[PDB]
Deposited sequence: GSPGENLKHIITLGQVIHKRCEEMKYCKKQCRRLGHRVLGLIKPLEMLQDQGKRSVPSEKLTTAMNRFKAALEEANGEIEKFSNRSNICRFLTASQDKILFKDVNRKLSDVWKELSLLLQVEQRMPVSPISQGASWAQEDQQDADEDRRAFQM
């Protein structure tokens, strides 16, 4: 439980750091890192106590860990310029992290509801809109 929480928080931090160093598609990569850092903030607060998670909370945390591992795999893949160029030429909307953003948003909704109801923690609605704007800003930076 404590080890699981530390692993997820470390994943989020490595994803943010890797997104910050990305040389291409900076708006989309920076948005992914910023969103991940914001999602792990209440998990950092829960970790700062040292309570026991229910099995429903453990299930939701493990699903969130799986979405973060997928995001880390995508950032690692896109650290190679050729993989970015290949993916974007094949993509329809030019949104680099479309699939993993959907998974992060869906798994986060279940997890935050359990943190609020079970651990008394005090949403990805604008995300698809922000994704299209960041993708356009990135496409424009590339087209100069």
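- In this chain, the deposited residues that lack C-alpha positions fall in the ranges 1 to 2, 53 to 54, 127 to 131.
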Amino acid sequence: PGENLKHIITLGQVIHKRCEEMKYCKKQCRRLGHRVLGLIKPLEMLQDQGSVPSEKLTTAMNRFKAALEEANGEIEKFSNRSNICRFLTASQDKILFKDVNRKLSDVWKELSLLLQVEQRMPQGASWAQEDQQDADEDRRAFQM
From here on, numbers count along this sequence of modelled residues.
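- Mean C-alpha B-factor is higher over 128 to 136 than over the other stretch, the pair under comparison being 128 to 136 and 12 to 20.
- When the mean C-alpha temperature factors of 82 to 90 and 110 to 118 are read from the deposited coordinates, 82 to 90 comes out higher.
- When the C-alpha B-factors of 28, 49, 101, 58 are read from the PDB record, the largest value belongs to 49.
- When the modelled residues of the chain are ordered by their C-alpha B factor, residue 33 lands in the lowest third.
- When the CA B factors of the chain's modelled residues are split into thirds, the value for residue 39 lands in the lowest one.
- Ranked against the other modelled residues of its chain, the C-alpha B-factor of residue 96 as given in the entry falls in the middle third.
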